[PDB]
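Okay, model_35.pdb now, which holds PDB, C-alpha atoms and all ligand atoms:
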```
MODEL        1
ATOM      1  CA  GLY T   1     194.749 -33.903 242.099
ATOM      2  CA  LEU T   2     196.919 -35.695 244.736
ATOM      3  CA  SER T   3     199.213 -38.624 243.992
ATOM      4  CA  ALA T   4     198.846 -41.947 245.841
ATOM      5  CA  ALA T   5     201.981 -41.036 247.852
ATOM      6  CA  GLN T   6     200.448 -37.654 248.794
ATOM      7  CA  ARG T   7     197.097 -39.277 249.752
ATOM      8  CA  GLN T   8     199.051 -41.711 251.953
ATOM      9  CA  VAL T   9     201.072 -38.971 253.673
ATOM     10  CA  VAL T  10     197.944 -36.872 254.508
ATOM     11  CA  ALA T  11     195.974 -39.952 255.675
ATOM     12  CA  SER T  12     198.764 -41.034 258.046
ATOM     13  CA  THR T  13     199.656 -37.575 259.492
ATOM     14  CA  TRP T  14     195.895 -36.832 259.978
ATOM     15  CA  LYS T  15     195.933 -39.481 262.766
ATOM     16  CA  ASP T  16     198.457 -37.338 264.636
ATOM     17  CA  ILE T  17     196.793 -34.001 263.686
ATOM     18  CA  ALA T  18     193.390 -35.298 264.838
ATOM     19  CA  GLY T  19     194.827 -36.444 268.222
ATOM     20  CA  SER T  20     192.069 -37.136 270.753
ATOM     21  CA  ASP T  21     189.967 -34.013 269.961
ATOM     22  CA  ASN T  22     189.440 -34.598 266.196
ATOM     23  CA  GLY T  23     191.685 -31.642 265.406
ATOM     24  CA  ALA T  24     189.627 -29.164 267.515
ATOM     25  CA  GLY T  25     192.759 -27.627 269.118
ATOM     26  CA  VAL T  26     194.342 -27.164 265.658
ATOM     27  CA  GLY T  27     191.128 -25.480 264.469
ATOM     28  CA  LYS T  28     191.081 -23.089 267.389
ATOM     29  CA  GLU T  29     194.749 -22.132 266.874
ATOM     30  CA  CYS T  30     194.281 -21.703 263.102
ATOM     31  CA  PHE T  31     191.352 -19.300 263.232
ATOM     32  CA  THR T  32     192.636 -17.456 266.352
ATOM     33  CA  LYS T  33     196.009 -16.662 264.730
ATOM     34  CA  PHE T  34     194.359 -15.896 261.366
ATOM     35  CA  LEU T  35     191.960 -13.351 262.901
ATOM     36  CA  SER T  36     194.698 -11.820 265.138
ATOM     37  CA  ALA T  37     196.779 -11.217 262.012
ATOM     38  CA  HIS T  38     193.928  -9.888 259.842
ATOM     39  CA  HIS T  39     191.433  -7.999 261.986
ATOM     40  CA  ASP T  40     189.677  -7.036 258.788
ATOM     41  CA  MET T  41     188.621 -10.674 258.370
ATOM     42  CA  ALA T  42     186.545 -10.777 261.609
ATOM     43  CA  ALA T  43     183.603  -9.079 259.791
ATOM     44  CA  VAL T  44     183.699 -11.703 256.975
ATOM     45  CA  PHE T  45     183.121 -14.449 259.559
ATOM     46  CA  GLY T  46     180.568 -12.408 261.554
ATOM     47  CA  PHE T  47     182.818 -12.525 264.651
ATOM     48  CA  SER T  48     183.583  -9.686 267.082
ATOM     49  CA  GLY T  49     187.323 -10.465 266.978
ATOM     50  CA  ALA T  50     189.818 -13.270 267.618
ATOM     51  CA  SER T  51     188.523 -14.056 271.130
ATOM     52  CA  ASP T  52     184.820 -14.458 270.078
ATOM     53  CA  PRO T  53     183.546 -17.923 271.354
ATOM     54  CA  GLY T  54     182.495 -18.658 267.739
ATOM     55  CA  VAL T  55     186.195 -18.986 266.654
ATOM     56  CA  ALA T  56     186.847 -22.172 268.693
ATOM     57  CA  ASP T  57     183.454 -23.530 267.626
ATOM     58  CA  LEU T  58     184.098 -22.907 263.940
ATOM     59  CA  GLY T  59     187.667 -24.298 264.269
ATOM     60  CA  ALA T  60     186.319 -27.625 265.600
ATOM     61  CA  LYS T  61     183.747 -27.862 262.720
ATOM     62  CA  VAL T  62     186.275 -27.029 259.980
ATOM     63  CA  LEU T  63     188.798 -29.584 261.216
ATOM     64  CA  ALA T  64     186.107 -32.284 261.684
ATOM     65  CA  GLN T  65     185.071 -31.758 258.035
ATOM     66  CA  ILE T  66     188.723 -31.986 256.891
ATOM     67  CA  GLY T  67     188.798 -35.388 258.691
ATOM     68  CA  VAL T  68     185.755 -36.496 256.620
ATOM     69  CA  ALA T  69     187.422 -35.158 253.429
ATOM     70  CA  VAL T  70     190.630 -37.083 254.402
ATOM     71  CA  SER T  71     188.667 -40.396 254.816
ATOM     72  CA  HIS T  72     187.200 -39.914 251.287
ATOM     73  CA  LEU T  73     190.425 -38.859 249.500
ATOM     74  CA  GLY T  74     190.606 -42.143 247.554
ATOM     75  CA  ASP T  75     187.400 -41.200 245.722
ATOM     76  CA  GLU T  76     187.969 -37.668 244.431
ATOM     77  CA  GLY T  77     184.480 -37.258 242.958
ATOM     78  CA  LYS T  78     182.983 -38.072 246.403
ATOM     79  CA  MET T  79     185.248 -35.665 248.276
ATOM     80  CA  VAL T  80     184.646 -32.792 245.819
ATOM     81  CA  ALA T  81     180.865 -33.361 245.764
ATOM     82  CA  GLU T  82     180.645 -33.140 249.537
ATOM     83  CA  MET T  83     182.981 -30.104 249.719
ATOM     84  CA  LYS T  84     180.920 -28.350 246.981
ATOM     85  CA  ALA T  85     177.821 -28.848 249.191
ATOM     86  CA  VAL T  86     179.704 -27.245 252.122
ATOM     87  CA  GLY T  87     180.579 -24.403 249.685
ATOM     88  CA  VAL T  88     176.970 -23.872 248.577
ATOM     89  CA  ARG T  89     176.082 -23.321 252.281
ATOM     90  CA  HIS T  90     178.794 -20.596 252.565
ATOM     91  CA  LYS T  91     176.718 -18.331 250.277
ATOM     92  CA  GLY T  92     174.608 -17.586 253.385
ATOM     93  CA  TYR T  93     177.411 -17.499 256.026
ATOM     94  CA  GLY T  94     179.124 -14.601 257.846
ATOM     95  CA  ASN T  95     178.845 -11.464 255.740
ATOM     96  CA  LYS T  96     177.414 -13.118 252.587
ATOM     97  CA  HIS T  97     180.512 -11.971 250.686
ATOM     98  CA  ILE T  98     183.065 -14.737 251.261
ATOM     99  CA  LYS T  99     185.612 -14.529 248.477
ATOM    100  CA  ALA T 100     187.993 -17.076 246.983
ATOM    101  CA  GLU T 101     191.043 -14.919 247.788
ATOM    102  CA  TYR T 102     190.496 -15.413 251.512
ATOM    103  CA  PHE T 103     191.192 -19.163 251.383
ATOM    104  CA  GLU T 104     194.866 -18.985 250.472
ATOM    105  CA  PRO T 105     196.059 -17.042 253.634
ATOM    106  CA  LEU T 106     193.804 -19.324 255.747
ATOM    107  CA  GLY T 107     195.724 -22.316 254.315
ATOM    108  CA  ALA T 108     199.014 -20.948 255.568
ATOM    109  CA  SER T 109     197.549 -20.634 259.098
ATOM    110  CA  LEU T 110     196.087 -24.153 259.033
ATOM    111  CA  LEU T 111     199.454 -25.667 258.056
ATOM    112  CA  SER T 112     201.147 -23.687 260.776
ATOM    113  CA  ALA T 113     198.669 -24.885 263.464
ATOM    114  CA  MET T 114     199.080 -28.496 262.234
ATOM    115  CA  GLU T 115     202.860 -28.280 262.473
ATOM    116  CA  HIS T 116     202.580 -26.714 265.937
ATOM    117  CA  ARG T 117     200.710 -29.838 267.085
ATOM    118  CA  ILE T 118     202.704 -32.635 265.389
ATOM    119  CA  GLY T 119     206.180 -31.011 265.236
ATOM    120  CA  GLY T 120     208.744 -32.833 263.078
ATOM    121  CA  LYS T 121     206.104 -35.243 261.717
ATOM    122  CA  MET T 122     205.083 -32.275 259.562
ATOM    123  CA  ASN T 123     208.188 -32.568 257.444
ATOM    124  CA  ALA T 124     208.700 -31.173 253.875
ATOM    125  CA  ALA T 125     206.823 -34.092 252.257
ATOM    126  CA  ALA T 126     203.854 -33.683 254.667
ATOM    127  CA  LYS T 127     203.671 -29.912 254.105
ATOM    128  CA  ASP T 128     203.637 -30.412 250.337
ATOM    129  CA  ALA T 129     201.005 -33.179 250.573
ATOM    130  CA  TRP T 130     198.791 -31.047 252.850
ATOM    131  CA  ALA T 131     199.214 -27.865 250.708
ATOM    132  CA  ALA T 132     198.092 -30.037 247.754
ATOM    133  CA  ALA T 133     195.182 -31.472 249.804
ATOM    134  CA  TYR T 134     194.148 -28.019 251.137
ATOM    135  CA  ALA T 135     194.232 -26.731 247.497
ATOM    136  CA  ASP T 136     191.760 -29.471 246.409
ATOM    137  CA  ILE T 137     189.467 -29.246 249.474
ATOM    138  CA  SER T 138     189.222 -25.438 249.436
ATOM    139  CA  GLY T 139     189.016 -25.430 245.592
ATOM    140  CA  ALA T 140     185.957 -27.675 245.729
ATOM    141  CA  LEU T 141     184.357 -25.518 248.473
ATOM    142  CA  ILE T 142     185.033 -22.369 246.343
ATOM    143  CA  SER T 143     183.332 -24.164 243.394
ATOM    144  CA  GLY T 144     180.199 -24.722 245.533
ATOM    145  CA  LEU T 145     180.345 -21.080 246.762
ATOM    146  CA  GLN T 146     180.578 -19.729 243.190
ATOM    147  CA  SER T 147     177.956 -22.103 241.692
TER     148      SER T 147
HETATM  149  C1  LIG G   1     188.288 -17.757 255.043
HETATM  150  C2  LIG G   1     187.262 -18.665 254.560
HETATM  151  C3  LIG G   1     186.151 -19.068 255.302
HETATM  152  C4  LIG G   1     185.130 -18.302 255.794
HETATM  153  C5  LIG G   1     184.963 -16.782 255.738
HETATM  154  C6  LIG G   1     184.187 -19.218 256.394
HETATM  155  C7  LIG G   1     183.108 -18.823 257.151
HETATM  156  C8  LIG G   1     182.275 -19.679 257.836
HETATM  157  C9  LIG G   1     181.279 -19.238 258.765
HETATM  158  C10 LIG G   1     180.972 -17.790 259.109
HETATM  159  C11 LIG G   1     180.682 -20.347 259.264
HETATM  160  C12 LIG G   1     179.658 -20.394 260.400
HETATM  161  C13 LIG G   1     178.255 -20.691 259.904
HETATM  162  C14 LIG G   1     177.104 -20.423 260.871
HETATM  163  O1  LIG G   1     177.019 -19.322 261.422
HETATM  164  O2  LIG G   1     176.274 -21.319 261.049
HETATM  165  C15 LIG G   1     181.300 -21.470 258.582
HETATM  166  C16 LIG G   1     180.957 -22.791 258.780
HETATM  167  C17 LIG G   1     181.630 -23.875 258.269
HETATM  168  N1  LIG G   1     182.746 -23.783 257.477
HETATM  169 FE1  LIG G   1     183.556 -22.158 256.713
HETATM  170  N2  LIG G   1     184.581 -20.532 256.252
HETATM  171  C18 LIG G   1     185.808 -20.444 255.627
HETATM  172  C19 LIG G   1     186.619 -21.534 255.363
HETATM  173  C20 LIG G   1     186.297 -22.857 255.588
HETATM  174  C21 LIG G   1     187.127 -23.977 255.186
HETATM  175  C22 LIG G   1     188.546 -23.921 254.619
HETATM  176  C23 LIG G   1     186.418 -25.109 255.407
HETATM  177  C24 LIG G   1     186.822 -26.380 254.980
HETATM  178  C25 LIG G   1     186.513 -27.654 255.614
HETATM  179  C26 LIG G   1     185.160 -24.661 256.017
HETATM  180  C27 LIG G   1     184.203 -25.493 256.547
HETATM  181  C28 LIG G   1     183.095 -25.095 257.250
HETATM  182  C29 LIG G   1     182.191 -26.007 257.893
HETATM  183  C30 LIG G   1     182.255 -27.527 257.861
HETATM  184  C31 LIG G   1     181.281 -25.246 258.530
HETATM  185  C32 LIG G   1     180.130 -25.752 259.383
HETATM  186  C33 LIG G   1     178.757 -25.619 258.719
HETATM  187  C34 LIG G   1     178.633 -26.331 257.387
HETATM  188  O3  LIG G   1     178.908 -27.522 257.324
HETATM  189  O4  LIG G   1     178.287 -25.688 256.401
HETATM  190  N3  LIG G   1     185.093 -23.279 256.105
HETATM  191  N4  LIG G   1     182.320 -21.056 257.756
ENDMDL
END
```

Written as C-alpha cells, that's how I'd like the structure from this file.
Amino acid sequence: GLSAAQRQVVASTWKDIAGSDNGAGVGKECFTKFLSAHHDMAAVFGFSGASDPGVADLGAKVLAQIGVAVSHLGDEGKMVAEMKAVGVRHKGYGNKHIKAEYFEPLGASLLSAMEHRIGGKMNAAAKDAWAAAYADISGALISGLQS
C-alpha cells in the first residue's frame, strides 16, 4: 500500500540510489550477485551465467523502470497499471516460465545492492520502506504476468 512517510523515504533515497547512472550500477550488482548465488536461475533469464553481457543490460533497464515507478508512487493506480503492462510482457521473456516465487529472493539482492551504494542512508526505515515498495512493484508485475 505504502504510507505517505514510506513514499517520502523511497522518493528521497532514490535520488542517492539513482546517482548519475540512473541506478545502472545497482542493477548490475543486483543481478550479478543473484545469478552467482542461484546458478539455476540463469536459464529462467535466458543468460549463460552471471557474466553474460545481458545481466548488466537488464540491470540498467530494471532500475530505470523502478525510477519511473518511484516518480508515480503518489498515484497507486497509475504505478500498478504500468507495472502490470511490464508484467504482461514477461509472459514472453527468458524461458517463458517466470514464476512469482522468484521475485522474493531477487528483492533481497536489490536491497543489498542499494545499501552497498548508499551505505548508512539505507537505514532501518529506508529498508522497510523499500521492502514495502518492492512488494507493491513486483506484486503488480506478477499480476500482469498471471493475467
Ligand atoms: C526474477 C524475476 C525476473 C525475471 C526472470 C525477469 C526476466 C526478464 C528478462 C529475461 C528480460 C529481458 C527481455 C528481452 O530479452 O527482451 C526482462 C526485461 C525487463 N524486466 Fe524483468 N525479470 C524479472 C524481474 C524484474 C523486475 C523485479 C522488474 C521490475 C522493474 C523487471 C523489469 C523489467 C524491465 C523494465 C524489462 C525491460 C523490457 C520491458 O520493459 O518489458 N523485471 N526481464

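The residue that comes closest to ligand LIG 1 (chain G), out of T:126, T:132, T:86, T:17 and on the basis of only C-alpha atoms and all ligand atoms, is T:86.
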
### Query
Hey, which residues come within 8 Å of ligand LIG 1 (chain G) if we count all atoms listed in the file? Could you give them as a PyMOL selection string?
chain T and resi 41+44-47+58+61-66+69+83+85-87+89-90+93-95+98-100+102-103+105-107+134+137-138+141

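Proximity to residue 27 in chain T was assessed for T:88, T:2, T:110, T:68 counting only C-alpha atoms; the smallest distance is recorded for T:110.
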
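Distance annotation: of T:71, T:5, T:15, T:51, the residue with the minimal separation from residue 129 in chain T is T:5; atom set is all atoms listed in the file.
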
Enclose range 98-102 of chain T, meaning all of its atoms listed in the file, in a box aligned along x, y and z, pad it by 5 Å on each side, and list the centre and edge lengths in Å to one decimal, as AutoDock Vina command-line options.
```
--center_x 187.1 --center_y -15.8 --center_z 249.2 --size_x 18.0 --size_y 12.5 --size_z 14.5
```
